[PDB]
Amino acid sequence: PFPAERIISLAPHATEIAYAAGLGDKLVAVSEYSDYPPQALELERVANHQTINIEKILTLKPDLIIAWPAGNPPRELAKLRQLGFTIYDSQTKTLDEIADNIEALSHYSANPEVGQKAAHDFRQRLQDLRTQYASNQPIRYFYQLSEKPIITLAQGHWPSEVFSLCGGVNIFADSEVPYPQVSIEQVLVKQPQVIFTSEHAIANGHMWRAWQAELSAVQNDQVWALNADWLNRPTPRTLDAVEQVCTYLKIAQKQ
Ligand code: CNC
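Just so you know, we're using my numbering here: the sequence shown kicks off at 119 and counts up by one.
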């Protein structure tokens with residue numbers, strides 16, 4: 119396509135993949151929470167979970183925008199397309215798509231070998247992890263994005279695929295929306311073998327201690343925090359989430 123000179127990222131994960139793809143030096147704006155690699159804190163922000171700042175983007179004249187269709191507002195992305203910007207749509211469902219993203223984005227780099235290498239390395243480590251964590255048996259898990267309200271994941275949407283590599287089975291897989299709000303009772307009824315939550319919830323005392331009697335996951339000491347930066351952004355660091363998730367689901371075979 120062409121070595122881009124003024125690149126904008128509309129998502130935290132997209133900023134990580136941009137740096138891995140050898141584009142980081144050409145970024146001129148990123149999203150809120152684009153905090154990795156940490157120098158990205160230095161760049162101006164043009165997007166958050168509710169709004170893309172199209173005025174500022176006009177002001178910046180990007181020759182490449184790295185979009186996150188799954189998380190960005192559809193109307194504003196459509197506007198950017200209608201305005202004639204060159205846009206790469208980052209797809210964010212599978213683990214192999216992370217490497218695909220990096221390899222695609224490397225086409226816009228002045229040094230495509232960087233992204234070529236990063237994708238190669240990702241693919242090899244992903245292969246290593248698939249081999250290493252095959253022995254895991256199916257475990258039914260609950261993954262909490264928040265305690266108030268309880269939001270979880272469903273329909274195979276990200277990060278469902280991280281868990282599935284390890285044999286993990288989402289208790290809310292068959293929900294009518296991809297990120298459903300669920301009640302305490304809904305979880306309690308479902309009887310997850312493992313509960314995954316945030317480091318914050320653990321540190322403060324997690325909400326499921328009160329429910330030890332009704333939750334085998336609590337009796338068995340299988341409520342664990344996951345690193346949300348690794349897990350919920352599809353990036354090279356997702357392979358550390360794979361390790362973390364897979365190690366915990368391995369432990370969960372103890373009974
Ligand atoms: C579900 C959800 C939520 N998420 Co996320 C979490 N946890 N998230 C997700 C999942 C979305 C899946 C998808 N989009 O395909 C999921 C797990 C992948 C995700 C991921 C992230 N999220 C992140 C954050 C910080 C946030 N998330 C919230 C938006 C946060 C929400 C908190 C809340 N209670 O509202 C949340 C709990 C529910 C939003 C929703 O469903 N609204 C209903 C829907 C109809 O409204 P909506 O406006 O269309 O929602 C869309 C956006 O929120 C967008 N989106 C979701 N998260 C982000 C984060 C950013 C930076 C941006 C720009 C857009 C989003 O995706 C939604 C559609 O699926 C947030 C308000 C939580 C909080 N209170 O801190 C917050 C801050 C947003 C901000 N200031 O811009 C991450 C950076 C977390 C991390 N530690 O890495 C990460 C970024 C992903 C990436 N690609 O870079």
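Think of the CB as a built atom: it goes at the ideal place given N, C-alpha and C, for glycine as much as any other residue.
### Task
Write down every uninterrupted run of the beta strand (DSSP E) in the stretch 169-214 whose length is 3 residues or greater and which is fully enclosed by it, in chain order.
182-185 and 205-207
### Query
Do you know how far the Cα of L195 is from the Cα of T133?
17 Å
### Query
Quick one: what does DSSP say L344 is sitting in, helix, strand or coil?
coil
#### Entry: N219, buried or exposed, once every other Cβ within 10 Å from all chains shown has been counted against 16
buried
### Query
Taking DSSP as the reference, what is the three-state secondary structure of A147?
strand
### Message
Any contact between the stretch 232-249 and the stretch 147-156? By contact I mean 3 or more CB pairs, one from each, below 8 Å.
### Response
no
### Query
So the alpha helix (DSSP H) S278 belongs to, where does it begin and stop?
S278 to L283
#### Entry: In chain order, each alpha helix (DSSP H) run of at least 4 residues that lies wholly inside the stretch 249-308
278-283 and 302-308
### Query
By Cβ distance below 7 Å, which residues in the same chain neighbour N338 in space, the five residues on each side in sequence not counted?
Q373
### Task
Use the C-beta contact count for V164: other C-beta atoms within 10 angstroms, 16 or more gives buried, fewer gives exposed.
buried
### Task
Leaving aside the five residues before and after residue 431 along the sequence, list all residues of the same chain whose C-beta is less than 6 Å from its C-beta, in chain order.
Residue 431 cannot be examined here, being either before or after the span of the chain that is shown, 119 to 373.
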